[PDB]
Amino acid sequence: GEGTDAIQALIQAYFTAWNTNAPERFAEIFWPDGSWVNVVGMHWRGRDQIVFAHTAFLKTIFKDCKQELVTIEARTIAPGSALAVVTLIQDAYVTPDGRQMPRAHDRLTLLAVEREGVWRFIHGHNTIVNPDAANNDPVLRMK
């Protein structure tokens, strides 16, 4: 449906901006009242914060760190509202204080809402997938 197609396009735009180190391209895909929560629990309030932080980290720790889409599971949750759970593979990187982060899958929630016929992101929330934990997911014994 419309929301699924729209959020897929927004996700592609986000990844292009990330991978080409073009953080000046993020603002146009978020509403001003957007929010974000990153992999270490930093909470960004409003688009300007989202963009400032994305820009800062793409200049430093993520300047050579590519992200790769694996799957997008997008759905409409209400008229004018689309939710996606994205699985990506992120390159290894070093934190500002020198900790080596391994190449890993991330699990990213993205939410897009439609206003005046136009879709943009309103929220993102990212978590690193722990590969040591995955086989103990209880839903694997259902059915």
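One rule holds for the numbers: they count along the sequence shown, beginning at 1.
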Worksheet item: Considering only modelled residues of the same chain, in which third does the CA B-factor of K63 rank: lowest, middle or highest?
Response: highest
Practice prompt. Quick one: classify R115 as lowest, middle or highest third of the chain based on its Cα B-factor.
Written response: middle
Item to complete: Please place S35 in the lowest, middle or highest third of its chain by C-alpha B factor as given in the entry.
Response: lowest
Item to complete: Looking at the entry's B-factor column for C-alpha atoms only, identify whether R99 ranks in the lowest, middle or highest third of its chain.
Response: highest
Response to the item:
Here the Cα B-factor of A56, set against its chain, lands in the third termed lowest
